[PDB]
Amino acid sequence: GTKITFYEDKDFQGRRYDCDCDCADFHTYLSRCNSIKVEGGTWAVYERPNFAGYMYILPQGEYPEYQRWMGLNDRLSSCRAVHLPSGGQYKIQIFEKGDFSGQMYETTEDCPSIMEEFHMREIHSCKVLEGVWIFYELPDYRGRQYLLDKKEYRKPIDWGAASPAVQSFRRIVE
């Protein structure tokens, strides 16, 4: 089922790499990425090998420029398919402070503005109770993205963020 294609140049041109499973390192096959086709599944694609650096979530679709997936540069070199639980449930708890302290909020819905809904622009810890979610550094699902597909996150670095800025979040739905 799951299949993704990476191209070096815009508009599905240039050297190409295809992947139907996780790939921790494709840098030897491809030196840059400027377009992607996702034929099936939803994929997390990462700037550096072993799922490091900037990351981005792409559902099925055609992406003729990296700006189409909110890419931040022309570098990609690892990818993995997002596993959506068959049960189809989503619930997250967000916390004001690290280590699950401070004010907590629980939700099963998306949040395009944490400031509007919860009066925060940083989240310092999180429990993903059900499902798979994405945190964004900017409002309304803009900017750098962080995949939350583990259960517990005691500090922002646990979701890959050097910054505590989180201004929106949403679920990855099938």
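Residues carry their position along the shown sequence, with the first being 1.
State which stretch shows the higher mean Cα B factor in the entry: 25 to 33 or 131 to 139.
The entry gives the higher C-alpha B-factor average to 25 to 33.
Check the entry's C-alpha temperature factors for 1 to 9 and 163 to 171, then say which stretch has the higher mean.
Taking the mean C-alpha B-factor of 1 to 9 and of 163 to 171, the larger value falls to 1 to 9.
Between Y63, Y146, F118, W43, where does the Cα B-factor run highest in the record?
Out of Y63, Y146, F118, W43, the record gives the largest C-alpha B-factor to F118.
Rank-wise, by C-alpha B-factor, drop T108 into the lowest, middle or highest third of its chain.
As the PDB entry reports it, the C-alpha B-factor of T108 lands in the lowest third of its chain.
Looking at the C-alpha B-factor of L84, is it in the lowest, middle or highest third of its chain?
Answer is highest: the recorded C-alpha B-factor places it there.
Sorting the chain's CA B-factors, does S77 end up in the lowest, middle or highest third?
CA B-factor rank for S77: middle third.
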